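> To be precise about what I am sending: the file is called entry_12.txt and holds compact mmCIF, C-alpha atoms and all ligand atoms.
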```txt
# COMPACT_ATOMS: atom_id res chain seq x y z
CA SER Z 1 68.43 139.53 86.39
CA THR Z 2 67.94 136.16 88.08
CA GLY Z 3 69.97 133.07 88.85
CA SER Z 4 68.96 129.46 89.61
CA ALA Z 5 71.37 126.72 90.78
CA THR Z 6 70.87 123.18 92.00
CA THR Z 7 72.22 122.36 95.50
CA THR Z 8 73.18 118.72 96.21
CA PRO Z 9 73.74 116.93 99.54
CA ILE Z 10 77.42 116.00 100.07
CA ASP Z 11 76.54 112.57 101.57
CA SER Z 12 73.69 110.23 102.43
CA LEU Z 13 72.90 112.14 105.69
CA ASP Z 14 72.54 115.67 104.17
CA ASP Z 15 75.47 116.79 106.34
CA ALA Z 16 75.77 119.81 104.02
CA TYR Z 17 74.84 120.94 100.51
CA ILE Z 18 77.12 122.05 97.67
CA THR Z 19 76.24 124.38 94.80
CA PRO Z 20 78.42 124.88 91.72
CA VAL Z 21 79.86 128.42 91.36
CA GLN Z 22 81.80 129.83 88.39
CA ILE Z 23 84.81 131.96 89.38
CA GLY Z 24 87.11 133.84 86.99
CA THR Z 25 87.77 133.99 83.24
CA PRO Z 26 87.75 131.35 81.84
CA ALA Z 27 85.36 129.96 84.44
CA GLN Z 28 86.74 127.80 87.24
CA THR Z 29 83.81 125.85 88.74
CA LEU Z 30 84.02 125.15 92.50
CA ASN Z 31 81.35 123.46 94.63
CA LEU Z 32 80.62 125.85 97.52
CA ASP Z 33 78.60 125.47 100.73
CA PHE Z 34 76.02 128.30 100.60
CA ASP Z 35 75.86 129.52 104.20
CA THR Z 36 73.16 132.03 105.34
CA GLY Z 37 74.98 132.04 108.74
CA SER Z 38 78.21 133.72 107.48
CA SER Z 39 79.27 136.48 105.11
CA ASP Z 40 82.59 135.39 103.49
CA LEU Z 41 82.98 133.81 100.05
CA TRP Z 42 86.19 131.81 100.51
CA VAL Z 43 87.77 129.05 98.42
CA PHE Z 44 90.46 126.43 98.45
CA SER Z 45 93.09 127.85 96.12
CA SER Z 46 96.57 127.59 94.57
CA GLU Z 47 97.66 129.48 97.75
CA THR Z 48 96.29 126.88 100.22
CA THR Z 49 99.09 125.09 102.19
CA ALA Z 50 99.59 121.91 100.08
CA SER Z 51 99.31 119.49 103.09
CA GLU Z 52 95.83 121.01 103.85
CA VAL Z 53 94.37 120.17 100.40
CA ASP Z 54 93.01 116.60 99.99
CA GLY Z 55 90.78 116.24 96.91
CA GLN Z 56 89.14 119.70 96.79
CA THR Z 57 88.99 121.69 93.55
CA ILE Z 58 91.12 124.85 93.85
CA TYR Z 59 90.75 128.36 92.49
CA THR Z 60 93.97 129.52 90.75
CA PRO Z 61 93.76 133.34 90.44
CA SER Z 62 96.86 133.47 88.18
CA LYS Z 63 94.82 131.56 85.53
CA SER Z 64 91.95 134.10 85.59
CA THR Z 65 92.28 137.15 83.31
CA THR Z 66 89.71 139.03 85.48
CA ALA Z 67 91.34 138.28 88.90
CA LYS Z 68 92.89 141.28 90.73
CA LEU Z 69 94.70 141.06 94.10
CA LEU Z 70 92.78 143.22 96.62
CA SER Z 71 96.04 144.68 97.94
CA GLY Z 72 96.53 144.46 101.72
CA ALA Z 73 93.29 142.63 102.40
CA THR Z 74 93.26 139.55 104.67
CA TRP Z 75 90.54 137.46 106.22
CA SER Z 76 90.17 134.97 109.05
CA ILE Z 77 87.04 133.14 110.20
CA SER Z 78 86.09 130.72 113.02
CA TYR Z 79 82.72 128.87 112.70
CA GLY Z 80 80.33 127.54 115.41
CA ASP Z 81 81.77 123.96 115.04
CA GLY Z 82 85.35 125.21 115.83
CA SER Z 83 86.57 124.98 112.16
CA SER Z 84 88.52 127.90 110.65
CA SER Z 85 90.24 129.32 107.60
CA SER Z 86 92.24 132.41 106.64
CA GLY Z 87 94.06 134.01 103.74
CA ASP Z 88 94.21 136.91 101.28
CA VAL Z 89 91.68 138.35 98.82
CA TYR Z 90 91.13 138.74 95.07
CA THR Z 91 88.33 140.40 93.21
CA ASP Z 92 86.94 138.37 90.28
CA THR Z 93 83.83 137.59 88.27
CA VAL Z 94 81.54 135.14 90.12
CA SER Z 95 78.44 133.53 88.58
CA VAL Z 96 75.77 131.41 90.30
CA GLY Z 97 73.13 129.70 88.15
CA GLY Z 98 73.48 132.29 85.34
CA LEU Z 99 73.63 135.36 87.63
CA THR Z 100 76.97 137.21 87.32
CA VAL Z 101 78.66 139.65 89.74
CA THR Z 102 81.81 141.46 88.65
CA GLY Z 103 84.32 142.59 91.26
CA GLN Z 104 83.21 140.05 93.87
CA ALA Z 105 85.63 139.57 96.78
CA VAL Z 106 86.93 135.95 96.48
CA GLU Z 107 88.78 135.13 99.72
CA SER Z 108 91.65 132.75 98.87
CA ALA Z 109 92.57 130.33 101.71
CA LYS Z 110 96.21 130.12 102.72
CA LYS Z 111 95.19 127.94 105.70
CA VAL Z 112 92.17 125.73 106.51
CA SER Z 113 91.52 123.66 109.65
CA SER Z 114 91.54 119.87 109.56
CA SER Z 115 87.68 119.53 109.21
CA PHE Z 116 87.85 121.39 105.83
CA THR Z 117 90.89 119.36 104.62
CA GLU Z 118 89.14 116.12 105.62
CA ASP Z 119 85.97 116.99 103.57
CA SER Z 120 86.91 116.59 99.87
CA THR Z 121 83.37 117.53 98.71
CA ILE Z 122 83.42 121.23 99.81
CA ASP Z 123 85.67 123.61 97.85
CA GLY Z 124 84.74 126.64 100.04
CA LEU Z 125 81.83 128.66 101.42
CA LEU Z 126 79.59 131.34 99.92
CA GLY Z 127 78.19 133.46 102.73
CA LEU Z 128 74.66 134.85 102.51
CA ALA Z 129 74.25 136.50 105.93
CA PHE Z 130 74.52 140.31 106.18
CA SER Z 131 77.76 141.96 104.95
CA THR Z 132 78.35 143.40 108.48
CA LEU Z 133 79.74 139.93 109.43
CA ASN Z 134 82.27 139.82 106.56
CA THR Z 135 85.78 139.28 108.05
CA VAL Z 136 87.93 141.05 105.39
CA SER Z 137 90.32 143.61 106.89
CA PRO Z 138 90.95 146.47 106.64
CA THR Z 139 88.10 147.04 104.13
CA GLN Z 140 85.06 144.89 104.80
CA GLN Z 141 83.63 143.26 101.65
CA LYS Z 142 80.07 142.62 100.44
CA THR Z 143 78.42 139.21 99.98
CA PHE Z 144 77.51 137.89 96.53
CA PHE Z 145 73.83 138.64 97.32
CA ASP Z 146 74.56 142.20 98.44
CA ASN Z 147 76.62 142.87 95.22
CA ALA Z 148 73.88 141.25 93.03
CA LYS Z 149 70.87 142.84 94.81
CA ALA Z 150 70.44 146.06 92.78
CA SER Z 151 70.56 144.02 89.47
CA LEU Z 152 68.02 141.40 90.57
CA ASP Z 153 64.38 141.47 89.43
CA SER Z 154 63.40 141.33 93.16
CA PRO Z 155 65.90 141.73 96.07
CA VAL Z 156 65.41 138.14 97.33
CA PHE Z 157 66.97 134.69 97.27
CA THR Z 158 65.28 131.43 98.17
CA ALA Z 159 66.50 128.17 99.69
CA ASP Z 160 64.70 124.95 98.71
CA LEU Z 161 66.84 122.19 100.29
CA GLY Z 162 66.02 118.56 99.55
CA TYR Z 163 65.72 115.65 102.04
CA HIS Z 164 68.22 113.09 100.76
CA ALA Z 165 67.78 114.77 97.31
CA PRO Z 166 68.93 117.84 95.36
CA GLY Z 167 67.24 121.21 95.79
CA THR Z 168 67.54 124.76 94.52
CA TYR Z 169 68.89 128.21 95.35
CA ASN Z 170 67.16 130.95 93.35
CA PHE Z 171 68.23 134.60 93.20
CA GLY Z 172 65.91 137.49 92.24
CA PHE Z 173 62.59 135.64 91.96
CA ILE Z 174 60.16 133.45 93.90
CA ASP Z 175 59.23 130.21 92.05
CA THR Z 176 55.49 129.97 92.81
CA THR Z 177 55.58 126.30 91.58
CA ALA Z 178 58.11 125.26 94.29
CA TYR Z 179 55.80 125.42 97.38
CA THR Z 180 52.24 124.59 98.53
CA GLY Z 181 49.79 127.04 100.05
CA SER Z 182 51.01 130.55 100.94
CA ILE Z 183 54.34 131.98 102.13
CA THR Z 184 54.18 133.36 105.69
CA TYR Z 185 56.57 136.25 106.24
CA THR Z 186 58.10 137.10 109.63
CA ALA Z 187 60.26 139.94 110.96
CA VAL Z 188 64.07 139.81 110.88
CA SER Z 189 66.57 141.48 113.20
CA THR Z 190 69.88 142.26 111.47
CA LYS Z 191 71.45 143.50 114.78
CA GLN Z 192 73.79 140.41 115.04
CA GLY Z 193 74.36 140.14 111.21
CA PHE Z 194 72.13 137.01 110.87
CA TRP Z 195 68.71 136.19 109.38
CA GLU Z 196 67.41 136.27 112.99
CA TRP Z 197 63.69 135.79 113.60
CA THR Z 198 61.29 134.59 116.30
CA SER Z 199 59.38 131.34 115.92
CA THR Z 200 55.96 131.33 117.61
CA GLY Z 201 56.33 127.84 119.16
CA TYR Z 202 56.48 124.13 118.57
CA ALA Z 203 54.78 120.75 118.73
CA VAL Z 204 56.21 117.23 119.14
CA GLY Z 205 54.55 114.63 116.89
CA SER Z 206 50.74 114.78 117.17
CA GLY Z 207 51.05 116.74 120.46
CA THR Z 208 49.44 120.10 121.21
CA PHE Z 209 51.22 123.22 119.96
CA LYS Z 210 53.08 125.20 122.66
CA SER Z 211 52.95 128.93 122.01
CA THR Z 212 56.37 130.30 123.03
CA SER Z 213 58.77 132.78 121.39
CA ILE Z 214 62.00 131.13 120.14
CA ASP Z 215 64.56 133.65 118.79
CA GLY Z 216 66.92 131.99 116.30
CA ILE Z 217 68.74 132.22 112.97
CA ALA Z 218 67.96 130.69 109.57
CA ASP Z 219 71.33 129.05 108.80
CA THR Z 220 71.78 126.87 105.70
CA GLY Z 221 75.42 126.21 106.77
CA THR Z 222 74.44 124.39 110.00
CA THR Z 223 73.34 120.75 109.59
CA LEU Z 224 71.06 120.37 112.65
CA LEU Z 225 68.22 122.16 114.48
CA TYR Z 226 69.54 123.67 117.77
CA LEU Z 227 66.81 124.77 120.21
CA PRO Z 228 66.48 125.52 123.94
CA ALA Z 229 67.13 122.59 126.30
CA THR Z 230 63.48 122.59 127.48
CA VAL Z 231 62.18 122.11 123.89
CA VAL Z 232 64.82 119.51 123.00
CA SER Z 233 64.11 117.48 126.23
CA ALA Z 234 60.36 117.55 125.38
CA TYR Z 235 61.10 116.15 121.90
CA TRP Z 236 63.45 113.30 122.92
CA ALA Z 237 61.25 112.28 125.89
CA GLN Z 238 58.84 110.95 123.16
CA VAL Z 239 61.52 108.50 121.86
CA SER Z 240 62.00 105.32 123.95
CA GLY Z 241 65.64 104.99 125.00
CA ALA Z 242 66.78 108.44 123.80
CA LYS Z 243 69.30 110.17 126.02
CA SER Z 244 71.82 113.00 126.03
CA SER Z 245 75.33 111.49 125.84
CA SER Z 246 78.22 113.72 127.06
CA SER Z 247 80.63 111.17 125.43
CA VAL Z 248 78.98 111.54 121.99
CA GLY Z 249 78.14 115.29 122.47
CA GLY Z 250 74.36 115.32 122.25
CA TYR Z 251 71.14 113.35 122.10
CA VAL Z 252 71.34 109.80 120.70
CA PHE Z 253 68.51 107.33 120.21
CA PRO Z 254 68.10 103.65 119.37
CA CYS Z 255 68.46 103.21 115.61
CA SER Z 256 65.41 100.87 115.80
CA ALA Z 257 63.19 103.88 116.79
CA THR Z 258 60.55 105.54 114.66
CA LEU Z 259 61.01 109.28 115.34
CA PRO Z 260 58.12 111.71 115.80
CA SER Z 261 57.74 114.81 113.69
CA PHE Z 262 58.61 118.26 115.01
CA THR Z 263 56.51 121.33 114.16
CA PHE Z 264 57.74 124.92 114.44
CA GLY Z 265 55.58 128.07 114.22
CA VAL Z 266 56.02 130.90 111.70
CA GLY Z 267 53.46 133.47 112.81
CA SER Z 268 50.12 131.59 112.67
CA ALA Z 269 51.58 129.09 110.17
CA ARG Z 270 53.24 125.76 110.96
CA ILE Z 271 56.17 123.90 109.33
CA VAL Z 272 56.27 120.17 109.98
CA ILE Z 273 59.66 118.39 110.03
CA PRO Z 274 59.03 114.67 109.39
CA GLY Z 275 60.63 112.32 111.91
CA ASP Z 276 62.92 110.77 109.30
CA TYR Z 277 64.56 114.22 108.79
CA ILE Z 278 65.76 114.04 112.46
CA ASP Z 279 67.71 110.73 111.98
CA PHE Z 280 71.47 111.31 111.42
CA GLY Z 281 72.33 107.61 111.55
CA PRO Z 282 74.76 105.51 113.55
CA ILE Z 283 77.18 107.44 115.78
CA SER Z 284 79.96 105.16 114.39
CA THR Z 285 79.82 102.60 111.60
CA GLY Z 286 77.79 99.54 112.73
CA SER Z 287 76.51 101.14 115.96
CA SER Z 288 72.88 100.74 116.98
CA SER Z 289 73.02 104.22 118.62
CA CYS Z 290 71.87 106.93 116.20
CA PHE Z 291 72.59 110.66 116.32
CA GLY Z 292 69.69 113.04 116.75
CA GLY Z 293 68.94 115.92 114.40
CA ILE Z 294 67.47 118.16 117.13
CA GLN Z 295 70.07 119.21 119.72
CA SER Z 296 70.33 121.74 122.55
CA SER Z 297 71.55 125.26 121.81
CA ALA Z 298 72.66 125.68 125.47
CA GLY Z 299 76.25 127.07 125.44
CA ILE Z 300 75.97 128.20 121.75
CA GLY Z 301 74.26 131.39 122.94
CA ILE Z 302 71.83 131.27 119.97
CA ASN Z 303 69.11 128.98 118.55
CA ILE Z 304 69.84 127.75 115.01
CA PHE Z 305 67.23 126.76 112.41
CA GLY Z 306 69.70 124.71 110.39
CA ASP Z 307 69.14 122.37 107.49
CA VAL Z 308 66.93 119.91 109.45
CA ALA Z 309 64.37 122.68 109.82
CA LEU Z 310 64.94 124.61 106.58
CA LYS Z 311 64.75 121.52 104.27
CA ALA Z 312 61.11 121.05 105.47
CA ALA Z 313 60.21 124.47 103.93
CA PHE Z 314 60.57 126.75 100.96
CA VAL Z 315 62.45 129.68 102.54
CA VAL Z 316 62.50 133.29 101.23
CA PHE Z 317 65.40 135.48 102.29
CA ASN Z 318 63.88 138.93 101.51
CA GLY Z 319 66.66 141.54 101.28
CA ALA Z 320 64.31 144.55 100.85
CA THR Z 321 65.22 147.74 102.77
CA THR Z 322 63.52 146.10 105.80
CA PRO Z 323 64.56 142.42 105.48
CA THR Z 324 62.09 139.66 106.26
CA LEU Z 325 62.01 135.82 106.07
CA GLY Z 326 59.26 133.81 104.42
CA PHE Z 327 58.37 130.16 105.01
CA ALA Z 328 56.05 127.90 102.99
CA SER Z 329 55.29 124.20 103.18
CA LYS Z 330 56.23 122.19 100.06
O1 LIG Z 401 79.13 126.15 112.04
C1 LIG Z 401 79.02 127.06 111.04
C2 LIG Z 401 77.81 127.80 111.29
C3 LIG Z 401 77.23 127.91 109.89
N1 LIG Z 401 76.74 129.27 109.80
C4 LIG Z 401 77.71 130.06 110.47
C5 LIG Z 401 78.10 129.27 111.73
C6 LIG Z 401 77.49 129.90 112.97
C7 LIG Z 401 76.12 129.66 113.46
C8 LIG Z 401 75.85 130.37 114.59
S1 LIG Z 401 77.15 131.36 115.06
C9 LIG Z 401 78.11 130.80 113.78
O1 LIG Z 402 84.11 121.27 109.52
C1 LIG Z 402 84.47 122.00 108.38
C2 LIG Z 402 83.57 121.55 107.26
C3 LIG Z 402 83.78 120.05 106.97
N1 LIG Z 402 82.47 119.49 106.63
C4 LIG Z 402 81.45 120.55 106.87
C5 LIG Z 402 82.15 121.65 107.67
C6 LIG Z 402 81.52 122.98 107.56
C7 LIG Z 402 81.68 124.00 108.59
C8 LIG Z 402 80.98 125.14 108.28
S1 LIG Z 402 80.20 124.99 106.91
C9 LIG Z 402 80.74 123.42 106.58
```
Could you quickly redo this structure as structure tokens?


Amino acid sequence: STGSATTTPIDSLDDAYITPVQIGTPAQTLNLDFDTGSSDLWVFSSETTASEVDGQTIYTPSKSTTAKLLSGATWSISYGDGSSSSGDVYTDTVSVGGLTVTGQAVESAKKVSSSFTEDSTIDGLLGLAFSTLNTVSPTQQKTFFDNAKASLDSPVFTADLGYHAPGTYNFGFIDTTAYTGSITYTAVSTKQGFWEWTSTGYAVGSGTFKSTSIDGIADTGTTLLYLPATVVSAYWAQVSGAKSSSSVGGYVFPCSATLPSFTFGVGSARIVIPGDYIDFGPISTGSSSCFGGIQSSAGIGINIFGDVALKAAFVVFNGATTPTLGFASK
């Protein structure tokens, strides 16, 4: 089997991407944030505290003939940005882009933090990291990808995020029309539960490539590119008037600037992030200070290849017995 679904930016900045997902019988379609940095499929629901729902579409398990309470199971998750959610668990039929999994754990939110309530465009998350990070207790649950894997034509999914445009998540096949040149594959460590890999270095604009190992995670559910302070300082030093603002919480730059590109290494290959991808717009409406898309990972304890980096590539998440990542230009 295969599945293919379009993923759409939630706003004009590509702050996140939503993908329609069918849950239950008859289908209830929710728009979920596909997150290769976490391993829970959780939804706004009929169980979510009413004051914490503001415009989201909810899953109502009592309206699904295939929903079953997973008795005794609870979940609770805290994300890198400080947001959180928790609740109980159902099993149900979940389909993505024509690919169906029966008995998928659907984690129903009883509580969500203010950042989820305040974002009406995201109805929940669909985690695509390794199932070792799944938070369900006392019986850990499998991701949608892990449940689908054995049925797929090839044990892979791919992320093709758009810049200010829709893109695609594919399951079980590699669309050879969706990228240019060849896919370069690179080793993955699953020791922390992430799609963790080592970039071979970077360049700023037309500058010379610096060969240096940068361990980090491929994370569709993080907006920005978070890299070591040395690398980030080298990038923003090429932008007149850029500075790190403690008051704003990262690097800002004059909105009048033209940003340089950023290149990252994948083995001997190179992925170029155009400068425009690194502009996240005014810090507040009408401001001439703009937020940078490349930020320091200092204090996060990990480097994150988030959407800024991944949207510049066609990315293969290869779930073979020894997982690997692939990157192609497009
Ligand atoms: O902020 C949410 C991030 C999206 N993926 C999971 C999460 C993260 C990244 C590194 S540790 C936790
Ligand atoms: O802050 C909670 C959500 C509101 N908008 C995006 C954000 C999120 C956190 C992890 S994935 C998406």

> So what do you get for atom CA of residue Z:160 versus atom CA of residue Z:310, distance-wise?

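If I compute the distance from atom CA of residue Z:160 to atom CA of residue Z:310, I get 7.9 Å.
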
> Determine, counting all atoms listed in the file, which protein, DNA and RNA residues have an atom within 10 Å of an atom of residue Z:140; residues of the same chain fewer than 3 positions away are not included. Present the result as a PDB file with C-alpha atoms, in the frame of the given file.


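Output contents, as saved in part_15.pdb:
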```pdb
ATOM      1  CA  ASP Z  40      82.590 135.390 103.490  1.00  0.00           C
ATOM      2  CA  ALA Z  73      93.290 142.630 102.400  1.00  0.00           C
ATOM      3  CA  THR Z  74      93.260 139.550 104.670  1.00  0.00           C
ATOM      4  CA  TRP Z  75      90.540 137.460 106.220  1.00  0.00           C
ATOM      5  CA  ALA Z 105      85.630 139.570  96.780  1.00  0.00           C
ATOM      6  CA  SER Z 131      77.760 141.960 104.950  1.00  0.00           C
ATOM      7  CA  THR Z 132      78.350 143.400 108.480  1.00  0.00           C
ATOM      8  CA  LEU Z 133      79.740 139.930 109.430  1.00  0.00           C
ATOM      9  CA  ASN Z 134      82.270 139.820 106.560  1.00  0.00           C
ATOM     10  CA  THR Z 135      85.780 139.280 108.050  1.00  0.00           C
ATOM     11  CA  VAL Z 136      87.930 141.050 105.390  1.00  0.00           C
ATOM     12  CA  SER Z 137      90.320 143.610 106.890  1.00  0.00           C
ATOM     13  CA  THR Z 143      78.420 139.210  99.980  1.00  0.00           C
TER      14      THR Z 143
END
```

> Applying 12 Å and only C-alpha atoms, which residues near residue Z:50 remain after dropping the ones on its own chain fewer than 3 positions away? List them as an MDAnalysis selection string.

chainID Z and resid 44:47 53:56 58 109:112 117

> For stretch 11-24 of chain Z, work out the shell of residues within 9 Å, counting only C-alpha atoms and skipping chain neighbours fewer than 2 positions away, then give it as an MDAnalysis selection string.

chainID Z and resid 5:9 26:34 59:61 63:67 92:97 100 106 121:123 125 161:169 220:224 279:281 307:308

> Restrict the calculation to all atoms listed in the file, then for each residue of chain Z with any atom at most 9 Å from an atom of ligand LIG 401 (chain Z) give the closest atom pair and their distance in Å to one decimal, rows by chain and rising residue number, as CSV.


```
residue,atom,partner,partner_atom,distance
Z:35,CA,Z:LIG401,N1,5.7
Z:36,CA,Z:LIG401,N1,6.4
Z:37,CA,Z:LIG401,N1,3.4
Z:38,CA,Z:LIG401,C4,4.8
Z:39,CA,Z:LIG401,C4,8.5
Z:78,CA,Z:LIG401,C9,8.0
Z:79,CA,Z:LIG401,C1,4.4
Z:80,CA,Z:LIG401,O1,3.8
Z:81,CA,Z:LIG401,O1,4.6
Z:82,CA,Z:LIG401,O1,7.3
Z:83,CA,Z:LIG401,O1,7.5
Z:127,CA,Z:LIG401,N1,8.3
Z:129,CA,Z:LIG401,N1,8.6
Z:194,CA,Z:LIG401,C8,8.5
Z:217,CA,Z:LIG401,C8,7.5
Z:218,CA,Z:LIG401,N1,8.9
Z:219,CA,Z:LIG401,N1,5.5
Z:220,CA,Z:LIG401,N1,6.9
Z:221,CA,Z:LIG401,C3,4.0
Z:222,CA,Z:LIG401,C3,4.5
Z:223,CA,Z:LIG401,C3,8.2
Z:300,CA,Z:LIG401,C8,7.5
Z:301,CA,Z:LIG401,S1,8.4
Z:302,CA,Z:LIG401,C8,6.8
Z:303,CA,Z:LIG401,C8,7.9
Z:304,CA,Z:LIG401,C8,6.6
Z:306,CA,Z:LIG401,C3,8.2
```

> Measuring atom to atom with all atoms listed in the file, identify which of Z:257, Z:242, Z:178, Z:225 is nearest to residue Z:313.

Z:178

> What is the atom CA of residue Z:327 to atom CA of residue Z:305 distance in Å?

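Computing it gives 12.0 Å between the two atoms.
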
> Could you write stretch 152-169 of chain Z as a CSV table (one decimal), in the frame of the given file, with N, CA, C and O atoms rebuilt where they are missing?


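Result file follows (part_19.csv):
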```csv
chain,number,residue,atom,x,y,z
Z,152,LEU,N,69.0,142.5,90.6
Z,152,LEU,CA,68.0,141.4,90.6
Z,152,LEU,C,66.6,141.9,90.3
Z,152,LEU,O,66.3,143.1,90.7
Z,153,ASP,N,65.8,141.1,89.7
Z,153,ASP,CA,64.4,141.5,89.4
Z,153,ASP,C,63.7,141.9,90.7
Z,153,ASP,O,62.9,142.8,90.7
Z,154,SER,N,63.9,141.1,91.8
Z,154,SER,CA,63.4,141.3,93.2
Z,154,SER,C,64.6,141.1,94.1
Z,154,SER,O,65.4,140.2,93.8
Z,155,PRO,N,64.7,141.8,95.2
Z,155,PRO,CA,65.9,141.7,96.1
Z,155,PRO,C,65.8,140.6,97.1
Z,155,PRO,O,65.8,140.8,98.3
Z,156,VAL,N,65.7,139.4,96.5
Z,156,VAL,CA,65.4,138.1,97.3
Z,156,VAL,C,66.3,137.0,96.8
Z,156,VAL,O,66.8,137.0,95.7
Z,157,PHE,N,66.5,136.0,97.7
Z,157,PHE,CA,67.0,134.7,97.3
Z,157,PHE,C,66.1,133.7,98.0
Z,157,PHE,O,65.6,134.0,99.1
Z,158,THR,N,66.1,132.5,97.5
Z,158,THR,CA,65.3,131.4,98.2
Z,158,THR,C,66.1,130.2,98.3
Z,158,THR,O,67.0,129.9,97.5
Z,159,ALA,N,65.9,129.5,99.4
Z,159,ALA,CA,66.5,128.2,99.7
Z,159,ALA,C,65.4,127.1,99.7
Z,159,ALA,O,64.5,127.2,100.5
Z,160,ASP,N,65.6,126.1,98.9
Z,160,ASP,CA,64.7,125.0,98.7
Z,160,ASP,C,65.6,123.7,98.8
Z,160,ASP,O,65.9,123.1,97.8
Z,161,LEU,N,65.9,123.3,100.1
Z,161,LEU,CA,66.8,122.2,100.3
Z,161,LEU,C,66.0,120.9,100.2
Z,161,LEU,O,65.0,120.8,100.8
Z,162,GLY,N,66.6,119.9,99.7
Z,162,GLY,CA,66.0,118.6,99.6
Z,162,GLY,C,66.3,117.7,100.8
Z,162,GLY,O,67.4,117.8,101.3
Z,163,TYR,N,65.4,116.8,101.1
Z,163,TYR,CA,65.7,115.6,102.0
Z,163,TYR,C,66.3,114.5,101.2
Z,163,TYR,O,65.6,113.9,100.4
Z,164,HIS,N,67.5,114.2,101.4
Z,164,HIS,CA,68.2,113.1,100.8
Z,164,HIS,C,68.0,113.3,99.3
Z,164,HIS,O,67.9,112.3,98.6
Z,165,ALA,N,68.1,114.5,98.7
Z,165,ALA,CA,67.8,114.8,97.3
Z,165,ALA,C,68.3,116.2,97.0
Z,165,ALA,O,68.4,117.0,97.9
Z,166,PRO,N,68.6,116.5,95.7
Z,166,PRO,CA,68.9,117.8,95.4
Z,166,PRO,C,67.8,118.8,95.6
Z,166,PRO,O,66.6,118.4,95.7
Z,167,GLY,N,68.2,120.1,95.7
Z,167,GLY,CA,67.2,121.2,95.8
Z,167,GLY,C,67.7,122.4,95.0
Z,167,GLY,O,68.6,122.2,94.1
Z,168,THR,N,67.3,123.6,95.3
Z,168,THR,CA,67.5,124.8,94.5
Z,168,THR,C,67.8,126.0,95.4
Z,168,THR,O,67.0,126.3,96.3
Z,169,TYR,N,68.8,126.8,94.9
Z,169,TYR,CA,68.9,128.2,95.4
Z,169,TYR,C,68.5,129.1,94.2
Z,169,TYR,O,69.1,129.0,93.1
```
